[PDB]
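In the form deposited in one PDB entry, a lone chain appears below as structure tokens.
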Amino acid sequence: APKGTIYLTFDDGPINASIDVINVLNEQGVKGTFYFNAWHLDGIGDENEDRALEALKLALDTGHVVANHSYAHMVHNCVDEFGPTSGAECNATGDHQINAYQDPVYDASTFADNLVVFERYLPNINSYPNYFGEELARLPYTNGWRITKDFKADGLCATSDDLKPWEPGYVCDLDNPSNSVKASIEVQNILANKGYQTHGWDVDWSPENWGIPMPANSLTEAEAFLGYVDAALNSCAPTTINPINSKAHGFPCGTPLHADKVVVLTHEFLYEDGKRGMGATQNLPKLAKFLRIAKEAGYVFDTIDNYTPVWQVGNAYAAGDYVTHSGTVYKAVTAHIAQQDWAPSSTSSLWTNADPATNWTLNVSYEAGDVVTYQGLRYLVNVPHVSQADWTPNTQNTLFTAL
């Protein structure tokens, strides 16, 4: 038996430093989840990205999961007209989390255009089992969560309308949050309706002190960081974390799917000797040590696509157990042994659809007070039922009422 499961996640690649992080993981057989922005493939990301596409292939060919972090990390929302140099301009002012989300519908279509750009550089990318770019996402700067119908969170302080949190006068206020944070929540609901899950994080391997001249140099030591991981296990880390920017407000603490797991967040550019410090010189052995000793401490590493386990012939499932089957979440209705001829489906009596989306869907267990969207209209659930073809919201005056 294992102590728990760590999910190593790496934001904001593929950059030339993705290559070196991958080789450290590959030396120890650990596989990681990589949330990628494809503008590094167009070389407009203002980093070292000569080998970005080489990095993307190395990740896929050595079995790491690739996931959708949007095309340009919402840098169009920081400049006034997004173009080649926008990545460089926005690094001058450092106004990244300021007005990070504005038009939710445009911002969300940035995840769509991400996929179009990947498939253009790696035209055979859909043939990799590891490519989850259509199904797994993470919002820039936001500790947001869309996991199941009953497992969602939101980062209510992750972005700002005016000031940075280290500037005098920054007041957060979860009761009326920033228009940027409001926009970020709409983006998640849009992605959820497209069939995505989104994962935030339990722990952040990041600078303890971003203000420092070389902020990559202040990365937590591995031994100490194993301490933050042991700290975070079953302790509902996303609400207790610091700063209040990276908090996941509304995290369903105690939820069963999160038990015995820790999602670690890091950035590849923290592992590069360069503009942010001695990243490779100081932190690549940090990461190597963390794998050796976290294994010793009793952990097993995995990738986010298994956080929600895949339905498997031969496993015993209990009522209320969550699985994934074709990138769609289901909750067991009936304890049973899963056999090949009754996998989850839109008509299974053994399973109900539990995707965190909000359009009306077949085989969902609706509670009263739920709202669904159907043929462009919003209906409210008057009576708890499991939906089926005959009960479309626009024909069942009893079950649904139009808003």
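The term rigid core refers to the most C-alpha atoms you can superpose between the two forms while keeping them within 1.5 Å. The numbering used is simple: start at 1 and walk along the sequence shown.
Visitor: Where do the C-alpha atoms have the higher mean temperature factor in this entry, in 346-354 or in 40-48?
Guide: The stretch with the larger average C-alpha B-factor is 40-48.
Visitor: For the C-alpha atoms alone, is the average B factor greater in 204-212 or in 273-281, going by the entry?
Guide: If you average the C-alpha B-factors of 273-281 and of 204-212, the larger mean comes out for 204-212.
Visitor: Taking the values straight from the PDB record, which of 327, 104, 298, 129 has the highest C-alpha temperature factor?
Guide: The C-alpha B-factor peaks, among 327, 104, 298, 129, at 298.
Visitor: If I read the C-alpha B-factors straight from the PDB entry, which of 217, 143, 312, 124 is highest?
Guide: Of the options given, 217 has the highest CA B-factor in the PDB entry.
Visitor: Name the third of the chain's ranked CA B-factors that contains residue 165, choosing lowest, middle or highest.
Guide: CA B-factor rank for residue 165: highest third.
Visitor: Ranked by Cα temperature factor within the chain, is residue 90 in the lowest third, the middle third or the highest third?
Guide: Highest third - that is where residue 90 ends up once the chain's C-alpha B-factors are sorted.
Visitor: Name the third of the chain's ranked CA B-factors that contains residue 292, choosing lowest, middle or highest.
Guide: Ranked within chain, residue 292 CA B lands in the highest tercile.
Visitor: Where does residue 182 sit by CA temperature factor within its chain: lowest, middle or highest third?
Guide: For residue 182, the deposited C-alpha B-factor lands in the middle third.
Visitor: Please place residue 370 in the lowest, middle or highest third of its chain by C-alpha B factor as given in the entry.
Guide: According to the entry, residue 370 has a C-alpha B-factor in the chain's lowest third.
If you look for the form deposited in another entry, you will not find it shown, but the lines that follow are about it.
Visitor: Which listed residue, 173, 296, 167, 162, is the one whose CA shifts 2 angstroms or more between this form and the one not shown with the rigid core aligned?
Guide: So the residue whose C-alpha moves 2 Å or more is 167.
Visitor: Fitting the rigid core first, would the Cα of residue 235 be found 2 Å or more away between this form and the one not shown?
Guide: The answer is no; the displacement is under 2 Å.
Visitor: Is residue 80 among the residues whose Cα moves by 2 Å or more between this form and the one not shown after superposition of the rigid core?
Guide: No; residue 80 is a residue whose C-alpha shifts by less than 2 Å between this form and the one not shown when the cores are overlaid.
Visitor: Is residue 212 among the residues whose Cα moves by 2 Å or more between this form and the one not shown after superposition of the rigid core?
Guide: The answer is yes; the displacement is at least 2 Å.
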